[PDB]
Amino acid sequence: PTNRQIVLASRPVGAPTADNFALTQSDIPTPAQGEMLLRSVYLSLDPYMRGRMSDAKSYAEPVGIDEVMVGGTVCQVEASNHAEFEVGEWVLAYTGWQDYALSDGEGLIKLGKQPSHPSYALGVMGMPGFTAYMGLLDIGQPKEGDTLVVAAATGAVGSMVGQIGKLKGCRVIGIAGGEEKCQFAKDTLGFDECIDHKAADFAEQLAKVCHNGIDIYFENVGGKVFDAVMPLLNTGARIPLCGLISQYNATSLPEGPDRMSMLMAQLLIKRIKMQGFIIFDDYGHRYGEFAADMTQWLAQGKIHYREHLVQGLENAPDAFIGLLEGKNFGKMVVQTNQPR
């Protein structure tokens, strides 16, 4: 009768390794009046967690040494003394890489006692879909005929961005690692083109398919991908800035002269809006509209959601390492437990 936990053993140096994570046990905490006990079924693994393990200054305190790794979870209520929550109720929570956690109410019921595809609340109906929706529609502001480019195209956020872009009237050009993912983005995700960033002539290929330039670049990756994108940006382009995965493993900045002023020069001469956003901020007023649109778009067949499910909490570290290596196909989720 134990709460297993994956904790941060040490901060990664470059790419995370198994040694950076430790599996530990703890007595199941007891809900103390007005609280409830959540038991996890699904755990989301996402690229932004790499940043959360690092000491870099960020939007949140880094995960402490020997503290439980953080993350979104789909749980059911094991026991409740809240009691606006009944036992057996499924919930979207943020309880991290463990079996159990206490909660004073902050999640959202999803979708009750017997929901269909509850793991979807971690993907298309959850944070990655909402990230795409908010970033693309509010910052990108797609118009009919806009050219939209997004990297990590077959990943959770990117695939949502591309498909929402397509239904909003964009020409959609993906960027992804390897020909199989590029072919999947075109064949199944409805991308107009998808360019392999591993190709020796990656930048020329991108330029070739973006023959009318780029109006929206949804930024997930940074690094060499953004370097290929930048010269193709159109006047009045928009750049929703969501993540910079390519640099999360860096231990130093690139050599060579400082190009920071070149970025600023380009934003000016092309009149570009570049805007960062963090999806965990207070967008409560927007969840409902998002949920309504996405439910409709899924039903209309305009959204294809791919899930990558790994069994076992103890496999979360290797799965997470696998995710960062690009050995994932679609949104990565770990089933931590059999449901009750």
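Position 1 is the first residue in the sequence shown; the rest follow in order.
- Just going by the entry, 183 to 191 versus 215 to 223 on mean CA temperature factor gives the higher value to 183 to 191.
- As listed in the deposited structure, the average C-alpha B-factor of 56 to 64 and of 29 to 37 is greater for 29 to 37.
- Which of 204, 78, 258, 196 has the largest Cα B-factor in the deposited entry comes down to 78.
- Residue-level temperature factors show residue 50 in the middle third of its chain, judged at the C-alpha atom.
- Placement of the Cα temperature factor of residue 287 within the chain: highest third of the modelled residues, per the deposited record.
- The deposited CA B-factor of residue 278 belongs to the lowest third of values across its chain.
- The deposited CA B-factor of residue 97 belongs to the middle third of values across its chain.
- Placement of the Cα temperature factor of residue 175 within the chain: lowest third of the modelled residues, per the deposited record.
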